There are 2 protein chains.
Amino acid sequence: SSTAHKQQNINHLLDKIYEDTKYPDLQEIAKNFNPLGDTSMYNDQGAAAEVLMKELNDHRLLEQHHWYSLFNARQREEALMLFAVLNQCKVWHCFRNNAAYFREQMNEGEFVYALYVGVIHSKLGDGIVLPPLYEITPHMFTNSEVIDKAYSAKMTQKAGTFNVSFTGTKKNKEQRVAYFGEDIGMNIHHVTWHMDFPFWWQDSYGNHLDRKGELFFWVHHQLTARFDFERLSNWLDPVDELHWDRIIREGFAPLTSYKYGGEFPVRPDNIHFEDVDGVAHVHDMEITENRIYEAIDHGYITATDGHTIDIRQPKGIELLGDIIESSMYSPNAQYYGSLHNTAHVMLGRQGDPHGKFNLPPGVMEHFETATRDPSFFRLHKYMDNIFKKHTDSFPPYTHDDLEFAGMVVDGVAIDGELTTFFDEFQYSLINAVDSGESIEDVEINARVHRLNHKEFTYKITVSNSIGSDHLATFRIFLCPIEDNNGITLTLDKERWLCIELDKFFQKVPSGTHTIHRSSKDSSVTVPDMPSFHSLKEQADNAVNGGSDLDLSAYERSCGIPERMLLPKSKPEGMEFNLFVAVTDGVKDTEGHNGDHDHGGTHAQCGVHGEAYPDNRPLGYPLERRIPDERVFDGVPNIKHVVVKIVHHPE
Amino acid sequence: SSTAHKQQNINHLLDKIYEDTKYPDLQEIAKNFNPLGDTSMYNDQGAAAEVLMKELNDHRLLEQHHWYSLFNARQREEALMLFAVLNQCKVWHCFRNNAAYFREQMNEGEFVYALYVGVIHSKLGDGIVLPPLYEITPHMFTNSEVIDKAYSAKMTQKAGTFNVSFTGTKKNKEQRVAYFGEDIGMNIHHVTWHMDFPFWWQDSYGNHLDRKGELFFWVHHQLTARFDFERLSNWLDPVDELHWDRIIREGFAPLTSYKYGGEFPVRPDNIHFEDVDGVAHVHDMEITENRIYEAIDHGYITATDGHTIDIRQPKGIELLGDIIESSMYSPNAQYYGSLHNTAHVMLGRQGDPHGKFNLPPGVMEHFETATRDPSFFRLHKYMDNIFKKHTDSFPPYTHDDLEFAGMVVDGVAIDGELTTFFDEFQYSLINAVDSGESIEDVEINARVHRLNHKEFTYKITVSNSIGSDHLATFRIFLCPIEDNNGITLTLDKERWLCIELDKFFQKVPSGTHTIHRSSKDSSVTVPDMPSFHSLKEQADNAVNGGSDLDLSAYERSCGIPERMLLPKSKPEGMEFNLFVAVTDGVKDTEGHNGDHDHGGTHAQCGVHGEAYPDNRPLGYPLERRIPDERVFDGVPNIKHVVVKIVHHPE
Ligand SMILES: *[C@@H]1O[C@H](CO)[C@@H](O)[C@H](O)[C@H]1NC(C)=O
Ligand SMILES: *[C@@H]1O[C@H](CO)[C@@H](O)[C@H](O)[C@H]1NC(C)=O
Ligand SMILES: [Cu+2]
Ligand SMILES: [Cu+2]
Ligand SMILES: [Cu+2]
Ligand SMILES: [Cu+2]
Ligand SMILES: [Mg+2]
Ligand SMILES: [Mg+2]
Ligand SMILES: [O]
Ligand SMILES: [O]
Ligand SMILES: [O]
Ligand SMILES: [O]
């Protein structure tokens, strides 16, 4: 019931997840605990526990040792039944005991999902650090070749560390950017964002997820823009957008497998979409798309009873994210459907669209794996352009809109060269292999090459010519100067390609002062996850003894990995525009304070258990059309400078 | 150097083929034997050993733990270099020592292939029974799910027997006939036929393979006709033929994996052929096809210098098989290419035709696996129709052609009901899993359901009204009466669909006599292979002690499995025409004797180390057009009767 004991409990529950628990205390609980024995431990007096126990007793739950997809409606419903129980627990012993009990009864994929979102969305989970999913379920992050070497290492009872190479061949130009969507941390960022902001969320679970639909737009806009920056760095053109009536040019072979369920399916190059039995017809996707664009071009969403909901206003983008994803916040799912989530399944199933071949779900049908597929970025550019029609519909900002009166950016510079490189990172495959009973384990690791960069610090010189210190928001973006054809981009053509590097609030005293901000402190990024082995060691050292470790150290798992803050760029160097906008922090943070702690990842992942701290539209001030660059040049609190990034190859 | 010791040596060499040998004697030989140390052990005084050793010493051979395809030109060349050495050994110690030495140096797939064809084509191999390849390399015969359970059984050190189900789902109508092409014995029949009659054979290896090109036509004609009989039994239409300019309707997901190389690739439904980089353009296949048909319709094959080779003669079909397969017997590979073998690769590679995805060869690129793919039978019907244009070009047989004067078939009947069913068969997966060092093995088996039938005996009453006993050939075929639409077939429309059930030579004494022939004695079929475990036990029992076991018991591994002699048919029963032709055995066997032993599989697999014993065209007397059924009805030595086959489901 302390953080050390809770962390250890979670560590134990997630250990060797494909086998019955090996911890005597958890075995005893799974044997003897009755989820219905004392309903006073629940806030709903047992309602959720009754629902799940009835499903269990009627033999209606998915078996153990079976693939699980969050996009599968019934499997999701089953996972959410366990989430609902955990979420109702008043105290930790309820949470732990129900987790231990249902770990041994329910499908492992459902259980892991429910336990993670249960920890994230319950106050009882505060202070717990979830192990990286690439060590809890390594199959979802590790190609089949390396798993086989792990299987071989286990079959032969010999330790080893095995190198993971990217999918494809050098003949496949898309392999040039495999280090983006295949990065294990980028995959954790993506799954964790959706765990923090789930489309199935209903506020009856206990609280509201502030601005979720707009953050849904923004986080995926940033994934798309970041991927395109890697393409530009590797002599590739931007991704095309998907369209339902045109071929998906770039196929994909994941070369990965489920632990149970077989190899992930492949998609050949240059295929037309086919209807997917049990999911949707291609034509249904076109109609859904049309209906969303009808709302955007009408300027209003149509409610279930036909009345209009105005979207010509700052929350319009959020309501659009609600209906596009779609989430349970959608005002009218009967009419607007679920374009984005259904599209994930439509794409994921194109290797077996009629269920003739007994193929498991595609990589697009899991947030753990979706960015590994090149078609992820074609789909999300397509979706991004829907949002962009709405954001482009507003009048361009004026001088008066943008000016922070009395605040001028005199200069922008960086301390330290902008240098990227690849280094090596290891994670454990032990959870992927079968052990027991009464046979000892051996160390089995994967080694991956990952993008990284050297530390740097921004130097932003501002002059506050008001006679008072003022809170300011510093908004930092990296923008392309030229496209892959060497063509110089206008600001209007740059703005939608810019990637967010940082956003922070800082008091600017009167006078001229230099603000320093380290790359490591970015509110866009989070560090590499601590290893499962490290979390066990720290939790065990605390429990066996008694030591209050400041676990309030790790960031969150949602956020672009720190190592991927910068695009790869080129060995010969590339020049980019570093764009800084300094805006009125008093107005931006009204209702959430400026001195308050906002965590390490508020730019795209918000603040755990709090409202979103920045009132401005996501992407401000680049999210509206800029047809006249003179407007931005005339605003003293906006400035961009040219910076150079060099890739250091091996 | 005796059969017991040779069998044990082979057993040891093939044991746990993915790991260094565990037998101390073979380890010593691999360490100390010099293939170039005493050239007097070779018939070529070491020429072949020098070629292979140079390749080995120059690091030019395929690494161990890598996929192998006989259709890969360079990998085949490497395997054949080892075959060439084994084939030159004068005595067994040369054969054994070179096998042991190169087992530890060469790729395991190349080694197994070379060792099998070396045993088959060397007189030193006489009396050896090769273990079934499904136990030597189980990955090539076992779906990935079951291998994973084997991997799990090994990782956990627990014995088990695991059920293999057919690929696909019940929504896939092609799964109705998966028991044909996925039968492990049918796969061994196919690989062994090609090992007995390899397209790479050159007579400089020591002997000629009699009528090989015509047997190539015939064995594949019979595979195609037998598959279509299973389709008819399961309410399916006949397979369509492939065409290079039309879609391949039926895709395929093997759900199988290589031990090294990854999962076998899938082919989606309804794809057009694409050019395959490094293999051929689709257009090249069309041109090759056209050139073959030009020879057929000209009535002659064009030699390299332009002179004509007449094919309007009994050996024409053989020369066509030579140029179509193509084999090294082809008179003009520069012009006629290799339609059939290239088509195997063209089909096999359609999941990755441009090498972008790092996918290993398809199931069509191994004789072990090719019949698992539905497209196998569409390709081979296409090829079969090329041969049929030639065979249809000859004048129909006349009464005088067909009559065996003084020999009448008075009656045809069967002792015993014709009943099919499915039963269970087990084979070991131990060679598929990793062991060692110094850790004990455990029993790991696959259980498959396989077609089978009850024993029956033909009763053929003949009257020999010549005043002398006469040798006769009994030719027995099963022919459809109606197609899948309930339409009654004419004899001309039946004949190409008939399947060979038996062919035997027997002296018919003067008078009226009943000939009895058991289904078990069919010259078309061979029994199930003895298990690797059984072969080890019998060889070990002989070596450790001294006992001359009549190993001259097992048939061969080439031949339709006995269990698959009859089509499945239907639970409600199906009627077929049983066609018996009794022909002049003196003329049919001229040059090969009648009383001589022809083995158990001469109909399609010939006689090991001897000429083909039947002079008639393969398929006689059904291989020419029969436009006038009156001709066959007027021949007393031909008779057909209606028989019923019933399937007994579980
Ligand atoms: C794996 O990578 C490490 C460093 O990244 C290297 O030392 C080692 O040689 C590699 N192993 C293999 C088998 O290539
Ligand atoms: C496997 O098949 C056997 C007989 O074919 C049967 O007894 C057994 O129940 C099957 N096992 C499973 C797990 O279905
Ligand atoms: Cu997402
Ligand atoms: Cu998405
Ligand atoms: Cu063949
Ligand atoms: Cu073939
Ligand atoms: Mg299922
Ligand atoms: Mg290779
Ligand atoms: O997403
Ligand atoms: O996504
Ligand atoms: O073949
Ligand atoms: O074949």
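In what follows, chains carry the letters A, B, and so on, assigned in the order in which the sequence lines appear, proteins first and then strands, with residues in each chain numbered from 1. In each ligand, atom 1 is the first atom listed, and ligand 1 is the first ligand listed. Side chains included, hydrogens not; waters and symmetry mates left out as well; all remaining heavy atoms used.
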Quiz item: Under the salt bridge (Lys or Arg N to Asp or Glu O under 4.0 Å) test, which residues partner B:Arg267, sequence neighbours left out?
Solution: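 Partners of B:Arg267 by the salt bridge (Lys or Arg N to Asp or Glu O under 4.0 Å) criterion, ordered by chain and then number, come out as B:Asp373.
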Quiz prompt | salt_bridge(B:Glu318, B:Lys212) N-O dist < 4.0 Å | solution =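 Here B:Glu318 does not pair with B:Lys212 in a salt bridge, since their nearest N and O are not under 4.0 Å apart.
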Practice problem: Sort out for me which residue in A:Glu241, A:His380, A:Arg378 forms a side chain to side chain contact (heavy atoms under 4.5 Å, CB included) with A:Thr224. | Solution: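 Only match with A:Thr224 under side chain to side chain contact (heavy atoms under 4.5 Å, CB included): A:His380.
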Exercise. Report the angle formed at the Cu ion (ligand 6) by atom NE2 of B:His380 and atom NE2 of B:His340, rounding to the nearest 10°.
Key: 100°
Exercise. Decide if the gap between the ring center of B:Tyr382 and the ring center of B:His243 is smaller than 6.0 angstrom.
Key: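 Close enough - the centres of the two rings lie under 6.0 Å apart.
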Exercise. Measure from the Cu ion (ligand 6) to each N, O or S atom of B:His344 and report whether any distance is below 2.8 Å.
Key: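 Yes, B:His344 qualifies, because one of its backbone or side-chain N, O or S atoms lies under 2.8 Å.
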Practice problem: To the nearest 10 degrees, calculate the angle at the Cu ion (ligand 3) involving NE2 of A:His220 and NE2 of A:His194. | Solution: 100°
